[PDB]
Structure formats: structure tokens, C-alpha cells
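Enquirer: Sequence first, structure after, both from an experimental entry:
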Amino acid sequence: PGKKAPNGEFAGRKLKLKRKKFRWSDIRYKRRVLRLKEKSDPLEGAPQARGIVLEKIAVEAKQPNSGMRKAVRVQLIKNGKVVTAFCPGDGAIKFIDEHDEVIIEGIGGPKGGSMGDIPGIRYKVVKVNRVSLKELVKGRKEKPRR
Amino acid sequence: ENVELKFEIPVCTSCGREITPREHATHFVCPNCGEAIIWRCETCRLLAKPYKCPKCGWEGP
Amino acid sequence: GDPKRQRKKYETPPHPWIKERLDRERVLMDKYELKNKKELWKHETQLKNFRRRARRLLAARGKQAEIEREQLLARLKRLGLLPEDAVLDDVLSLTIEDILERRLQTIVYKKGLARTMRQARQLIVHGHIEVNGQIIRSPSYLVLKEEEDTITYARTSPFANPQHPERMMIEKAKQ
Amino acid sequence: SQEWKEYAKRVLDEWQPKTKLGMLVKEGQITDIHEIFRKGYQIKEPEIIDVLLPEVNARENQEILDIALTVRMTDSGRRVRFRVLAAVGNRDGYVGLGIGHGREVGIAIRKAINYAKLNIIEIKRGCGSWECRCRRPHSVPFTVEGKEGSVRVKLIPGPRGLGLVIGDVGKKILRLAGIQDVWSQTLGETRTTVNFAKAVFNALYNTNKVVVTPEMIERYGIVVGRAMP
Amino acid sequence: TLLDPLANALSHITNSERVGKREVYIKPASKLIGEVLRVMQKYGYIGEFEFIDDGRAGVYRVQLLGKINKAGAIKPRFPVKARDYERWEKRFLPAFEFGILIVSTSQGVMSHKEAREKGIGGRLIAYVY
RNA sequence: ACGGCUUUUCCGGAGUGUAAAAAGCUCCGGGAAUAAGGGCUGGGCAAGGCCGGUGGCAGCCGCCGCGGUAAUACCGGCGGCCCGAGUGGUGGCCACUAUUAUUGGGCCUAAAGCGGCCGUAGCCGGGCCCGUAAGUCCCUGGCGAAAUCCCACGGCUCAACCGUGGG
RNA sequence: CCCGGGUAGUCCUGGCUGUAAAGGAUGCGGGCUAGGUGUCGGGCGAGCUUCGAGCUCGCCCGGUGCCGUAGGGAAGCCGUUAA
RNA sequence: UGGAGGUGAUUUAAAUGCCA
Ligand SMILES: [Mg+2]
Ligand SMILES: [Mg+2]
Ligand SMILES: [Mg+2]
Ligand SMILES: [Mg+2]
Ligand SMILES: [Mg+2]
Ligand SMILES: [Mg+2]
Ligand SMILES: [Mg+2]
Ligand SMILES: [Mg+2]
Ligand SMILES: [Mg+2]
Ligand SMILES: [Mg+2]
Ligand SMILES: [Zn+2]
């Protein structure tokens, strides 16, 4: 290597070219201009959504742990997509019956992906039948629509 | 504090760049003279560069 | 492009947990009996802006920058935070504590208008003190220089007669 | 500052040297700190400084950065020893820095506190940022730099009052020498507290590696060591 | 190739001091280099120099004082409106005035410690400090 | 625990405000009466070596990480610290990130030199004298709306908010 | 993997293929900044010399090697043939 | 003192390993 590429007075045009090109080899630049987070995002890039449930299943954790966390499958309304919702709160699974409208948020981990031991999920519960779940975690409120 | 130029940075006689608080400079009364004082700064001393008594005419180590 | 917003008037702290910083502001948070932490930072900000003005006018030069600098001393001594003549550089030798004094709460206290700090506050916020012939209800006013001395009780207040026996508690301490 | 003269009569009588500099301080010729350094002596016995800088032992000119344990293996299990990074110096103009080792946290701390008594060196100061045109030693005079390990750093003057602004294991060792307001530009990796310490302290050494001609002395108020007790 | 009668010279001299030398030799000798010597000497930085020519572009003989910490050169060769100086004294210097910053204006070459008084601007060249 | 005192707030009531009103605002008459959540409580990071349940089970976890019958790291309770009419949760953007670098990065072993060689264009180019005034620099006319920023001063009780000046 | 045999290829003439650890794992030009030590070319200077276009010893300019200061790098390490 | 390069040699049958 030597001093630097267009390190002259007039050649600024070449310099803007150099920067305009080598800027692309990034990764946050691309994933924005071409709007790739869009049109691959089961919510179309928004902070919440509503859905209906289909089943009640259970998943296993990462390699050095132990347990079976509970899981539900929501069928969306905005798109007809079918996405995977985990629910916190010990034994909350005592309530979500087949065909209850629920809400869905993120889980806010690395990159927005998953987190912690459950690696395969990306979505968690907040409200059921218009009721904030944290309540039913400690009871403290009763439940409408059965 | 009662600064009367209290204590003065001695300066090399070969190099000319005054002397830092740990450089292994060294002092000795000028030979052949017995009167003048001579220091030699560190790098000034490694690659042996000559000197000369300010009052004698005898020069170089 | 986009309509103008109304800025907040202060600066929260970068990190709120620097242990020895909490346990530095701690004492002043009581030594004057303020209420919420913000009730202080406002004034720190007021200080940092004075200083951010002090430097910049010192590293420029020009017809207006000079007057804009020399129209300052008039203020920052007219308020009273300064000596009579402190040439520009002294403006950097100011503290949180000088500004902290000129609050009406302290001044009405360092003039013996009541027993303690947590009570001069109420004596104001119920409306008994008065500035240059004017009520105020602001435990955070900055009394100027021209008015520290023209201050008494209210011409309609239950205290303004040396017979409100609570007023007659107030002298006993003075000595 | 009484006790830190009582220590002189406590110490000067209770010790006989084993080196030479010991004598030339013990018998009354050299009795002022700032005239032992700029001549290339050797410091091997850690009392000569105490006898002239008797506030180095005050538990406030002393600061303890970190304890960190290190391990090695042998065919009989693990063998483990500690390293603490300790620096000292009076809050006027003089600072020293040492590492030390040992098998227990005490012996380690004491050993290091002693090692960091010898290397101790002195500074210059000033005020020459573009704002503090004052002449009072509240900042490092002129922007200089020092290198170590895989970390460079270059210090910049700044106005009287802007609080210390450098990483959290730099604020101490800057506070000791009392350098109050100074701005920081970092490179490399600031997560080996050691090379951080050594690079900062090296810069403060280098402070006396630039020639300032006669006139400029009365431009930033350069001092040496103590100034106006 | 011989792209620069100057950066050659300044880098060569700021090495010649770094080993501790005493005499030097500038190899190609413009008139502007003799100019820059003039301005660089008047403030007490180098010894007594003279122009020896031997038939081609001459040489230069100068002696030193081992006395200048670092000198370089500014190649992109900016011009400066006469009022943006700090912006270029926060880039090359150890202080607000420690040292100089040469200038090539419309009345010749002259340090900015006088260019700011007469209030002019223009292309820089290099920096001694 | 007792003794004094208060009336911003809260209930009644009048004046005044108003296009009509409502608020506010000066007076009276009442009375400590009418006024507290939220998050945390293993290191990052202020904070419990405190008590009571749970058995690689339920669960926590922004990362590293706990749970094997003796858990400061779950569930509680009891204590405890940070903000304070707000404190929390998921999404975008900038700083931190010299991980997009003219200031100001690198490319022998870690990403990274084209298998080597001619030359097109474009980018950088020796010394000396005489002119040109485009590039440059300075002084100077005409110009780049008001709003928005900053400086004091003045009016609403001071603060916002409005105005005369000055950039 | 060891052994006994054996087709295409290797070989000659006119072609297309354009692939390597194609490795100094180091693009290419210019100026400068210690000293030591061999060796190929040329040349200059002294000596010898079976007088041969030979054999020693200095010094100047070019390629190819090793040891190591100032400085530089995370360190292996480079050091006028720079990293 | 330590290497820094080159030519030769350099050997029957020998597979795999829960749990904290
Ligand atoms: Mg608990
Ligand atoms: Mg803590
Ligand atoms: Mg990098
Ligand atoms: Mg030319
Ligand atoms: Mg406008
Ligand atoms: Mg007013
Ligand atoms: Mg006002
Ligand atoms: Mg305003
Ligand atoms: Mg306005
Ligand atoms: Mg075998
Ligand atoms: Zn100063």
C-alpha cells in the first residue's frame, strides 16, 4: 500500500465515486435502501398485531437447559400468515382456548430475532379478549368471554 | 513559589535538547581543564558524537 | 420543512448511576430541600449555558462579538452572581453553589423570615412574602440584586403583626 | 501537614542505608526532592523518597486500580496468584506506578505499593487550550501523545472547569497529579486496564519531551513540580 | 519522480534532526525554498545558509540547532478565506500559537502571525512547530 | 405521642370577567381537613450474605447466565434503592461504531494485491526569465421572503408565550 | 497401502484451452535516516608474480546473502533489497 | 555464538469410548 487513492486536488469526482461504491459492501445500508425488512415480515413492519389461535403445542429449549415451554399458533388477520406465539407467566396456558383473539408483540433481542433459550420463536403475548396478561399472571382481574 | 528561577534544567553539550528526568545522561568535570562541567544526553551519547570544553580548545572524546 | 417544536429546557445525565455522583449531589438534594431531581438540573443547565457562552466569545473577535460579550457582564453582575468587576475569565470560576443561593427559598431564609428551609417554602407558597411591592408564589424565583433588601411580609397576611403567635415563635430563634 | 513532617524525624533516625544515595540523603546535603531527578541517579531503596516526599503515605495519594487473578497448571492441579495495579503520588506534581505480584491479596497490595514508589517521576503543567488563556496550572500545556501495547492516546488542553473527561480507569491516575481538565482521543483497546494505565502514564512522562524556548515559558505558565505552596 | 522540490526537503530535514545531525544539503533549489528558509530563520530556527550553485539548480548548505520538533508538509494545498484560522490551527499545532503556519498570499510569503494583522489569506504550504 | 399555626388545593358565597357563558382573578365563610403509584432488589449498574414455598419441575433470561433437597439469580413475605403525577413493554433514526474514515481505517501470516506486461482516457508532473488575469485573495454594488435559531430589554405575577432592538 | 502385468498420456508438426500453494503468501515509481560482515560483473589504485587473459590488498558503482542500532508491529519479527 | 539451506535415507498386523 501507498499514500491514498485520489489524494489530489481536482479528482474529487473519482473520490465521490470511490465512496459511493465502497459504501455498498456494508450490511445495514443495504437492508434499508432495498427495504428488505419490508416484504419478508409477517406484520409488514409494525409494532403490534391481532390474531386468532389454532392449536396448543410445546417446545424444547437450547442445548444446556431443560424443559418444555408452552406455545400457541396464531393465524393472522392482516395477511393470513400463520405465526408462532409464546406466552410468559407461569401456567398462563390455563386460559388460551381455541379461537380466542389475542395480540402479538416482538421479543426484542439480538437484531430483533429470538432471545435466550427458546431460539425458534419471535413473538409473545400481551392481551387476550382485551385483557392485559400481566394481570392474569397474578390474577387480580377476571376474564370476559368465559 | 518564591520563584527565583529556582532550579534549572541542565542542558546537554553535544545534543542541545535539555535533559529528561530519567535519561541516563552523565556528568563529569572536563578533562584537561578541571573547571567546566559537561553533560551528555542519552541518545546524544549512544552514537558517539564529539564535544568540546567551552573554555579549553581540546575537542572530542 | 417541519413545524417548530418546544424544546425541553435542560439536560438529563449521561449515565444516572455513577455511584459517587449520586452520593455527591445527594447532600445538596437535602441541604436545600428540593423536591424532584429535575428541580436541580434545570439550574445546572442554566450554569452550563453561561459557561458555553463564556468560552466562545473568548475565541472570536469582531464588532458584534465584542459587544455581545461585553453586554454580558452587565447581566451576570446585575443578577448578583458576580463581584462588581470580575473581568471575563472569572466567569468560569463559578459553581453550582452560587446559583443555588439566589433561590427565593434560601434568600427568604438567610434573612430570618422563618425557622428552617422546609418551612420558608410553605410560608411563600401560601402567599405571605412579597417582592418590591408584589406577591410572588414561586419557590424558584431568582431574586435580583436590586431587590434583596426591599422584602417584607404581606399587607394582608395573618403574620404581618407581631402578635400572630406563630410569628412570635420566629423571633425566639433569632439571636 | 504536621504528621507529614513528624514522619521525617520518625524515619531518618530508624534506618541505615545499604546503597549510596541512601547516605547522600541521610547526611544533610541533598534535602529537596526536586534536585535528585534530572541527573541520572539510581533509586533502589524506597525510603529516600519518603524522607523527602513524606505525604506519599497518606492513603489519599495512594490509589488501587484493580485486582486480577491469574492461573497456571501443573500436573497436580492449578496454581494461582494475584496481580494488582497500584499507583501513587502526591496531589501536587509527582506520580509513580507499579504492578507487583504475590500469592495473597495483601502481600500483593503491599509489594505493589512499594514498587510504585521508585519509578515515580515528575511533570510539567500549564494552560494553553484556545479558551483558558489564564496562567494557572489547571490543564496539560500542549497536545501530546504516548503509545503502548496496542493503544495510542493524545491529550488536549481545556478550559478551567470542564471536569475530567477520560475513561474510568484514567480519571484516578489523572486526578492524582491533579490534572483536572483535559480532553481525550482514544485508539486501540481500552479493556486491558494495564496497557491503558501505562500508556496514559507514558504520555504524562513525554510531557517533558518537547522543547519550549525561553519566551514561551510565559505563555502557558509552564511549571515544574510544586508551584505556590 | 522529482514530483516535489519541497516535501522531499522538509521530510529529509525532519529526519536529519531526528538522528541528531548538524549539517544538511537541500538537493534541488527553487527560489521559493530560499524564501521559506528566510521566513523560517527570522524566528530563530536554523543557522546561517548560503547558495552554492555548481551549474544546475544549485544546492543548499544550512546548519542546525537540533531544534525543531517536527516539520511536515500540507499537500492538498488549501486556500483559506482570511477568517478561518482557528479551524486550521486545531489541526497542525500543540497550542493556540505554539509555532507557525506559513502562507502564500498576494504580497509574497509571510507568516500568519503577521498575515492576520494585515488581514489576508490564501494557499498554505506547510508547517513548522 | 401531645400542644400551637396555615389555607395554595377542596366545599359554600359575592364582586369582575364574558357576544351570552365558562374558566380563571380580588374578597369573605368553613375547616389537616380534599390529594401516591411505577421499576427495580446475582456482574454490567444504585441497591438483602433477610426470612418462607419449589425439586434439571414448573420459571427467569436485552448478553454472560441460574433451578440436582442448603437457590443473595424462580414463587412469595419481610425488609431495601432509583424517579416522582409518572414510571414501564414492542417497533423505527442518530450517537456511541476510526464496524463507511477528506480530517480519520486497512490488505506477510487473521477479510483483503489482479499469474505476470505494454499502453488509451482520466488523474499527479524539473529548474530559469518575460507576459495573461481565467483559478485565487481583498475592498466593494445588487441580491438570497416572513416565520424558525442566539443575544439582552421591555408586558402578562417571573417561566413559557408576545414585541421593540442586534446578530 | 505391497507385488506382476498392462490402455489413454508423456514424445514430433499446426492448433484451441488461459487453470495453480501462478508463494518474497509483501502491487510500482521517487528522497531521506548508523555501523559490521561475504560474493558475481566492471573499473580505478598498490604489490607481487612460471610474466598467464595470473595471484594478494585496498576504494567507486551495480545484483544476490547473514548478524544487528534509531524507529515500527498484537507479536512471530523488518532494519538503505523496510513491514 | 545460533542457524540458515541441500542429498539421501527414514519399518509387519494395532479400529473405538456414558454421567454430572
Ligand atoms: Mg426475591
Ligand atoms: Mg453496587
Ligand atoms: Mg478495523
Ligand atoms: Mg515544477
Ligand atoms: Mg427569514
Ligand atoms: Mg413583569
Ligand atoms: Mg421575564
Ligand atoms: Mg425564549
Ligand atoms: Mg416570539
Ligand atoms: Mg505396515
Ligand atoms: Zn489556565
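Expert: That came through, no problem. Numbers count the residues shown, from 1 in each chain, chains lettered A, B, ... in the order given. Ligands and ions are numbered 1, 2, ... in the order given.

Enquirer: Can you report how many residues lie near the closest residue to chain E within chain B?
Expert: In chain B, the residue that lies nearest chain E is residue B:16 (4.8 Å; Cβ to the nearest Cβ). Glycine gets a C-beta too; all of them are placed from N, C-alpha and C. The number of residues packed near residue B:16 is 16, by other Cβ atoms under 10 Å in any protein chain shown.

Enquirer: Strands of chain C, start to end?
Expert: Taking DSSP state E to define them, one finds strands in chain C at C:130-131, C:151-152.

Enquirer: Tally up the residues packed near residue 111, please.
Expert: If you meant another chain, say so; for now it's chain A. When counting by other Cβ under 10 Å, one arrives at 5 neighbours for residue A:111.

Enquirer: You answered for a different chain; I wanted chain C.
Expert: Summarising burial for residue C:111: neighbours were counted as other Cβ under 10 Å, giving 13.

Enquirer: Give me the neighbour count for the nearest residue to residue A:79 once chain neighbours are set aside.
Expert: Taking Cβ to Cβ, 6 or more residues apart in numbering or on different chains, and ignoring the residues beside it in sequence, residue A:79 has residue A:42 as its nearest neighbour in space, at 6.7 Å. Other residues near residue A:42 come to 17 when the count uses other Cβ under 10 Å.

Enquirer: who's in contact with residue A:42?
Expert: Residues in contact with residue A:42 (Cβ atoms under 8 Å, 6 or more residues apart in numbering or on different chains) are A:76, A:79, A:81, A:83.

Enquirer: again with residue D:26
Expert: D:12, D:15, D:16, D:17, D:51.

Enquirer: What is the burial count for the nearest residue to residue A:144 once chain neighbours are set aside?
Expert: Beyond its immediate neighbours in the sequence, the residue positioned closest to residue A:144 (Cβ to Cβ, 6+ apart) is residue A:129, lying 5.4 Å away. Counted with other Cβ under 10 Å, residues neighbouring residue A:129 total 14.

Enquirer: so which of the contacts of residue A:42 comes closest to chain D?
Expert: Closest approach to chain D among the contacts of residue A:42 (Cβ to the nearest Cβ): residue A:83, at 40.1 Å.

Enquirer: Beta-bridge partners for that closest one, please?
Expert: Beta bridges link residue A:83 to residue A:74 when assigned by DSSP bridges.

Enquirer: If we ignore the residues flanking it in sequence, what's nearest residue 81?
Expert: Just so you know, I chose chain A. The shortest distance from residue A:81 to any residue that is not its chain neighbour, by Cβ to Cβ, 6+ apart, is 4.5 Å, and that residue is residue A:42.

Enquirer: Let me rephrase: I mean chain E.
Expert: Distances taken as Cβ to Cβ, 6+ apart put residue E:121 closest to residue E:81, at 5.5 Å, once the chain neighbours are dropped.

Enquirer: That neighbour: neighbour count?
Expert: 18.

Enquirer: about what we covered before: what strand or helix carries the residue nearest to residue A:79?
Expert: Under the criterion DSSP states H and E, no helix or strand holds residue A:42.

Enquirer: residue in chain D nearest to chain E?
Expert: Counting by Cβ to the nearest Cβ, chain D gets nearest chain E through residue D:142, at 3.6 Å.

Enquirer: What's the local residue count around that residue?
Expert: Applying other Cβ under 10 Å, we find 25 residues neighbouring residue D:142.

Enquirer: For the closest residue to it other than its chain neighbours, give me its contacts.
Expert: Using Cβ to Cβ, 6+ apart and skipping residues adjacent in sequence, the residue nearest residue D:142 is residue E:94, 3.6 Å away. With contacts defined as Cβ under 8 Å, 6+ apart, residue E:94 is in contact with D:142, D:143, D:144, D:210, E:129.

Enquirer: Residue D:225 and residue D:89 touch, don't they?
Expert: No. Using Cβ atoms under 8 Å, residue D:225 is not in contact with residue D:89, being 11.4 Å away.

Enquirer: so what's whichever residue of chain C sits closest to chain E closest to, chain neighbours aside?
Expert: In chain C, no residue comes nearer to chain E than residue C:59, which is 6.6 Å away by Cβ to the nearest Cβ. What sits nearest to residue C:59 in space, not counting adjacent residues and going by Cβ to Cβ, 6+ apart, is residue D:130, at 5.0 Å.

Enquirer: Equivalent analysis for residue A:55, please.
Expert: In space, residue A:55 is closest to residue A:73, 5.0 Å off (Cβ to Cβ, 6+ apart).

Enquirer: Relative to chain B, how far out is the one you found?
Expert: Applying Cβ to the nearest Cβ, to the nearest Å, the value for residue A:73 to chain B is 73 Å.

Enquirer: wait, doesn't that residue sit right on residue A:81?
Expert: No. Taking contacts as Cβ under 8 Å, residue A:73 lies outside contact range of residue A:81: 11.0 Å.

Enquirer: what about the strands in chain E?
Expert: Read by DSSP E, chain E holds these strands, from start to end of the chain: E:79-80, E:104-105, E:108-109, E:122-123.

Enquirer: So residue A:50 lies in a strand, does it not?
Expert: Yes. Membership of residue A:50 in a strand is supported by DSSP: H, G, I helix; E, B strand; the rest coil.
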